[PDB]
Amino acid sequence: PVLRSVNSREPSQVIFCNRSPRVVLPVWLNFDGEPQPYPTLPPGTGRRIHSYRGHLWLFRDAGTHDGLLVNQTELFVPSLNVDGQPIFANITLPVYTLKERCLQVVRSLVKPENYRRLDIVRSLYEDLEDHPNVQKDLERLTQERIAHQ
């Protein structure tokens, strides 16, 4: 896979900082490119992290798997610390589309087996059922990456 950590074994001091109101799940893509969950960060909290150069991270709502940003973009890979200075990862909400944001709220209020008992267009039921998925996001991101080459 294009989307995976490099096994550089070169350490990199990192700060995860959650400037989202969500509980954040950091996700590490391993050497095979499979996502590994790491302990969650409460909203407003940060901590120092021992990672390595070339290692690939992304961030999600720990409850809903909603997608989040890190340094204004989707993936995080740290360079070598320059003379041992930590690398900052500023985790935030993205500006969701009003559609996606409304999907979030309705999901939070309705059991999935009741989606189809809402008085709405048939097309939105599918949209509601289409939960945010780390695996689906990776296929979307992988194709985007292949288009830069």
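Residues carry their position along the shown sequence, with the first being 1.
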property	result
Higher-B stretch (mean Cα B-factor, as the entry records it), 81 to 89 or 42 to 50	81 to 89
Entry-level comparison of average CA B-factors, 136 to 144 and 14 to 22, reporting the higher stretch	136 to 144
Ranked C-alpha temperature factor of residue 37 among modelled chain residues, by third	middle
Within-chain third of residue 31 by Cα B-factor, per the entry	highest
Chain-wide C-alpha B factor ranking for residue 58, given as lowest, middle or highest third	middle
Third of the chain's Cα B-factor distribution that residue 68 belongs to, per the entry	lowest
Lowest, middle or highest third - CA B-factor, residue 102	middle
